[PDB]
2 protein chains.
Amino acid sequence: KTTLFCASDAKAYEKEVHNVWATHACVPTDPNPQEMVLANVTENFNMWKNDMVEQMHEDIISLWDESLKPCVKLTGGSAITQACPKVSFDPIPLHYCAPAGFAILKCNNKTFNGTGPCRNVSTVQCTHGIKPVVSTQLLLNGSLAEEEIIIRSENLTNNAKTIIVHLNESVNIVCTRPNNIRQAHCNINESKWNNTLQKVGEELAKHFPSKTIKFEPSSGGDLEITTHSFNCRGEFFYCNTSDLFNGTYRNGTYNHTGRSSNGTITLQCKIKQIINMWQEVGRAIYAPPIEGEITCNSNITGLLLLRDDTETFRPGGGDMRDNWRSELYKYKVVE
Amino acid sequence: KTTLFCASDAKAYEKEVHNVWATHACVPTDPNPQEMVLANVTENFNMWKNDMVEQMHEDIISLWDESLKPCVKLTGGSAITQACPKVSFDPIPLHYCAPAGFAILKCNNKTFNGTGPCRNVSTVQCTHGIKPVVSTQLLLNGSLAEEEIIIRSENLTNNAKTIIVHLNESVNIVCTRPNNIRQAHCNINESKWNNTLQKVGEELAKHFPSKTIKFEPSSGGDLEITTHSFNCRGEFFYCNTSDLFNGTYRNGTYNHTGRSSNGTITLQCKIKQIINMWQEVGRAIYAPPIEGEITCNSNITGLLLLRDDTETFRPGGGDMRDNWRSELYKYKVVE
Ligand SMILES: CNCc1ccc2c(c1)C[C@H](CNC(=N)N)[C@H]2NC(=O)C(=O)Nc1ccc(Cl)c(F)c1
Ligand SMILES: CNCc1ccc2c(c1)C[C@H](CNC(=N)N)[C@H]2NC(=O)C(=O)Nc1ccc(Cl)c(F)c1
């Protein structure tokens with residue numbers, strides 16, 4: 001445990017809030033990348049127990065706190081009012097760096113899970129570009145597995161322990177509200193989704209014996225975790241995944257049972273102003289959505305699942321720390 | 001006639017040279033791109049003389065000139081030395097867009113040829129994403145035919161005219177240099193290769209009546225065109241294709257006579273420092289390959305062939321504007 005510091009390419013002329021925060025909270029990235037190679041090792045890592053995720057989480061909370069300022073913030077029964085200006089919003093990559101004398105080891109095993117022994121291990125002073133993408137169910141704009149899609153879990157036996165599925169091939173999703181003022185929609189190519197769910201399916205089948213592997217929409221709870229919720233240009237999108245996370249892996253093939261059109265899948269999305277916050281326990285009310293075409297062109301780089309002679313899997317999320325472990329499946333701060 | 005402009009998803013924080021170049025040469029990509037399609041049209045096309053190809057060619061020459069700077073540049077008996085640092089190299093998509101009031105119509109007939117009449121025609125302002133992949137014999141990371149494999153030629157009865165075989169199913173190829181330092185190798189699944197060459201064979205049979213259709217390694221001449229030459233992470237790979245382009249198509253079946261092992265084809269590759277330039281007429285000398293595992297996992301999306309009882313086809317290439325025509329088999333700049 002140490003007190004880290006962020007490094008970025010933030011410009012102090014951008015009125016984009018991530019830059020506005022990073023220019024006063026981080027350090028200019030340094031053209032100084034010496035990755036200490038090493039092949040004499042055995043370090044055991046645990047992506048599920050690592051303070052880096054916590055400090056990252058905390059100053060991402062600071063970022064959001066002084067950037068996206070809600071009109072009302074209702075916490076503990078007390079309502080706190082302030083100004084609601086819509087701002088420029090799009091995540092910039094943040095490197096996490098260890099201070100004087102403190103190093104950040106690094107795993108290079110391309111099939112490494114997160115928990116256990118790793119050995120082809122390098123070392124750094126600063127980490128690799130990471131975007132503070134806040135989302136549920138679908139991990140957006142992250143790293144891709146260099147070889148093949150991998151399953152991460154603090155334990156896979158525990159049905160209530162979140163599964164992070166690190167993908168390989170990015171799945172472009174295009175969410176948009178056209179020029180109802182709150183209704184939007186997302187578009188995703190169906191072929192590549194069937195594709196990806198056959199990889200997810202067959203690996204889950206590698207690690208669950210010989211059973212039918214169903215994919216279904218989340219049980220219940222708040223809209224934040226029952227839908228693919230994300231932020232696009234300061235607007236909070238809640239997009240439906242009932243005709244997405246939907247299919248059956250049997251016989252070694254995956255059969256999609258979600259609806260489709262022209263070879264594309266369209267998610268019904270809604271922009272909301274009242275949001276169950278991820279930082280704290282409370283609700284934030286924002287101003288109505290801005291005028292015009294509100295579109296995000298994103299790439300799915302991972303999944304967040306939850307398990308219950310058949311085994312059903314369901315989109316998860318809610319705890320953004322696990323979002324941070326998708327990219328902090330780790331390193332290791334060490335001395 | 002016009003001078004176009006590029007549009008891309010280049011990041012100003014990336015130190016990858018395609019991003020470095022595009023960010024100062026291109027325009028932030030448009031995501032309001034609505035194909036106003038038409039159905040009372042018939043326009044003629046000619047992928048084999050289209051100036052968009054040489055605008056792209058000139059611009060990619062610019063990119064390579066300002067990015068990959070060789071230690072030595074020998075042209076016309078005069079040598080030019082400069083600093084040759086190793087860089088990060090991975091092609092990003094480039095949309096080519098027409099300026100004010102001037103448009104880019106589009107062909108929609110998927111069984112389309114490249115030369116002649118076409119009727120289902122749309123029109124856009126910007127082309128689809130095209131990655132400037134510089135290679136010979138094999139076209140990498142291109143678009144796939146939506147339907148069935150297409151044979152393209154300026155004309156097919158001219159044996160000196162390059163033939164572009166637009167594939168349907170991509171064929172995965174994994175070139176790697178393991179941790180001799182310049183010795184590398186490529187892996188390709190044979191069954192997929194047999195499979196592809198059977199309809200390459202069948203349609204080349206459709207265009208050449210009742211001949212035995214053989215596939216053999218190239219002529220001779222410079223290694224760039226006698227080998228599958230390409231660029232992986234700044235390193236110039238020359239890969240042997242004597243056991244790849246090798247087969248007999250007869251009586252309706254393809255027959256692979258190239259050597260294999262465990263059902264896989266392994267190409268013998270070498271990383272060279274002395275390169276015959278594709279941009280200009282001259283040679284370039286680069287620094288020795290970097291340390292570590294150099295891996296490129298690519299998809300074969302097209303072929304570059306040349307024709308001579310029997311008709312024989314050999315891998316071609318060398319002139320990269322044909323590589324740009326593979327993706328610019330086209331559209332059209334029109335008013
Ligand atoms: C089984 N999983 C456990 C689980 C489940 C749900 C949640 C947690 C843990 C933590 C958090 C509790 N806070 C609260 N209830 N007010 C709650 N998450 C959120 O409200 C949340 O992410 N909102 C949110 C905001 C913005 C965007 Cl863009 C977004 F995509 C989502
Ligand atoms: C019938 N065919 C005619 C024909 C034949 C060969 C060539 C041309 C035309 C053009 C070009 C001439 N330039 C020269 N002779 N210096 C020459 N091509 C190249 O040198 C070339 O592609 N190099 C190259 C570099 C890097 C990578 Cl990664 C690569 F895959 C290839």
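Side-chain atoms are counted along with the backbone in the values below, which use heavy atoms only and exclude waters and symmetry mates. Convention: sequence-line order gives letters A, B, ...; per-chain numbering from 1.
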[X] versus [Y]: any side-chain heavy-atom pair under 4.5 Å?
X        : Y        : answer
B:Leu139 : B:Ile164 : yes
B:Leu138 : B:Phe245 : yes
B:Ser62  : B:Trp21  : yes
B:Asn19  : B:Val17  : no
A:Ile300 : A:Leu140 : yes
B:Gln273 : B:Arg182 : yes
B:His185 : B:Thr176 : yes
A:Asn109 : A:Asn120 : no

So, using side chain to side chain donor-acceptor pair (under 3.5 Å) as the criterion, who are the partners of B:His18 when residues are at least two apart?
B:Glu16
A quick test of your reading: do over 12 heavy atoms of other residues, nucleotides or ligands sit less than 6.0 Å from [atom1] of [X]?
X        : atom1 : value
A:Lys192 : NZ    : no
A:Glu169 : CD    : no
B:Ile274 : CD1   : no
B:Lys270 : NZ    : yes

Tell me, with the steps shown, if B:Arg325 and B:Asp319 meet salt bridge (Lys or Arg N to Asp or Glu O under 4.0 Å).
CA-CA 11 Å; B:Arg325 293 166 203 200; B:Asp319 177 12; 5.5 Å; no
Between B:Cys239 and B:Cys186, is the disulfide bond (SG atoms under 2.5 Å apart) condition met? List the steps.
CA-CA 7 Å; B:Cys239 296; B:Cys186 290; 3.4 Å; no
Does the [X] side chain pair with the main chain of [Y], one donor and one acceptor, at a distance under 3.5 Å?
X        : Y        : value
A:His24  : A:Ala12  : no
B:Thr301 : B:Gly142 : yes
A:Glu327 : A:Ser143 : yes
B:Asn323 : B:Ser135 : yes

SG to SG below 2.5 angstrom is the rule I want applied to B:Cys84 and B:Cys71. Does it hold?
yes
If you measure SG to SG, does A:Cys6 sit under 2.5 Å from A:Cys26?
yes
Rounded to the nearest 0.5 Å, how far does [atom2] of [Y] lie from [atom1] of [X]?
X        : Y        : atom1 : atom2 : result
B:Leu305 : B:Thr312 : CG    : OG1   : 11.5 Å
A:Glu146 : B:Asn297 : CD    : CG    : 11.0 Å
A:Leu4   : A:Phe102 : CG    : CZ    : 10.0 Å
A:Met36  : A:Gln125 : CE    : CD    : 7.0 Å
B:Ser326 : B:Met47  : OG    : CE    : 7.5 Å
A:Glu35  : A:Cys126 : CD    : SG    : 11.0 Å

With side-chain contact (heavy atoms from CB on, under 4.5 Å) as the criterion, how do B:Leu303 and B:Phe313 come out once you've worked through the C-alpha distance, each side chain's angles and the decisive distance to 0.1 Å?
CA-CA 11 Å; B:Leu303 303 179; B:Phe313 298 85; over 6 Å; no
Which pairs, with at least one residue in residues 149-158 of chain B and sequence neighbours excluded, count as a salt bridge (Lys or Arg N to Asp or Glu O under 4.0 Å)?
B:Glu154-B:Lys161
Establish, from distance only, whether the side-chain atoms of [X] and [Y] form a donor-acceptor pair under 3.5 Å.
X        : Y        : result
B:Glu190 : B:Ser260 : yes
B:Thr136 : B:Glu224 : no
B:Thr264 : B:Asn187 : no
B:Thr115 : B:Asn46  : no
B:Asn155 : B:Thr157 : yes

Which pairs would a plain distance check flag for residues 87-100 of chain B, meaning a side-chain donor or acceptor within less than 3.5 Å of a matching protein atom at least two apart in sequence or in another chain?
residue: B:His95; atom: ND1; partner: B:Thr127; partner atom: O; Å: 2.8
residue: B:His95; atom: ND1; partner: B:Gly129; partner atom: N; Å: 3.3
residue: B:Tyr96; atom: OH; partner: B:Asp59; partner atom: OD2; Å: 3.1

List the steps, then state whether side-chain contact (heavy atoms from CB on, under 4.5 Å) holds for B:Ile130 with B:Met56.
CA-CA 10 Å; B:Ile130 308 174; B:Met56 179 176 186; 3.7 Å; yes
Nearest heavy-atom pair of [X] and [Y]: which atoms, and what distance?
X        : Y        : value
B:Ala103 : B:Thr123 : CB-CG2, 4.0 Å
B:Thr226 : B:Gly221 : CG2-O, 3.6 Å
B:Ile149 : B:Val165 : CG2-CG1, 3.8 Å
B:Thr29  : B:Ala7   : CA-CB, 4.1 Å

Among B:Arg314, B:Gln137, B:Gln268, exactly one meets side chain to side chain donor-acceptor pair (under 3.5 Å) together with B:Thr241. Which residue is that?
B:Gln137
Steps toward side chain to side chain donor-acceptor pair (under 3.5 Å) verdict (A:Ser122, A:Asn108)
CA-CA 7 Å; A:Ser122 310; A:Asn108 302 323; 2.7 Å; yes
Using the rule given for disulfide bond (SG atoms under 2.5 Å apart), can you reason through B:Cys232 versus B:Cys296, listing the C-alpha separation, both sets of side-chain angles and the distance that settles it, and then say yes or no?
CA-CA 6 Å; B:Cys232 178; B:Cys296 269; 2.0 Å; yes
Give the intermediate values and the outcome of side-chain contact (heavy atoms from CB on, under 4.5 Å) for residues B:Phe237 and B:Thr227.
CA-CA 9 Å; B:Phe237 283 70; B:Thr227 72; over 6 Å; no
Distance-only donor-acceptor pairs under 3.5 Å for side chains of residues 328-335 of chain B, two or more places apart:
residue: B:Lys330; atom: NZ; partner: B:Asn50; partner atom: OD1; Å: 3.4
residue: B:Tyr331; atom: OH; partner: B:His128; partner atom: N; Å: 3.2
residue: B:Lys332; atom: NZ; partner: B:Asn44; partner atom: O; Å: 2.2

Residue set satisfying salt bridge (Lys or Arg N to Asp or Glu O under 4.0 Å) with B:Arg307, at least two apart, ordered chain then number -> B:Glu311
Would you check, one step at a time, whether the test side-chain contact (heavy atoms from CB on, under 4.5 Å) holds for B:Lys272 with B:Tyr238?
CA-CA 7 Å; B:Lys272 292 181 66 65; B:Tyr238 292 78; 3.6 Å; yes
State whether B:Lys86 and B:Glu235 are salt-bridged, where the test is any N-O pair (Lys NZ or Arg NE/NH1/NH2 against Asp/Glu carboxylate O) under 4.0 Å.
yes
Donor-acceptor contacts under 3.5 Å from residues 278-293 of chain B side chains, at least two apart:
residue: B:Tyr286; atom: OH; partner: B:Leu68; partner atom: O; Å: 3.4
residue: B:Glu293; atom: OE2; partner: B:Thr295; partner atom: OG1; Å: 3.0

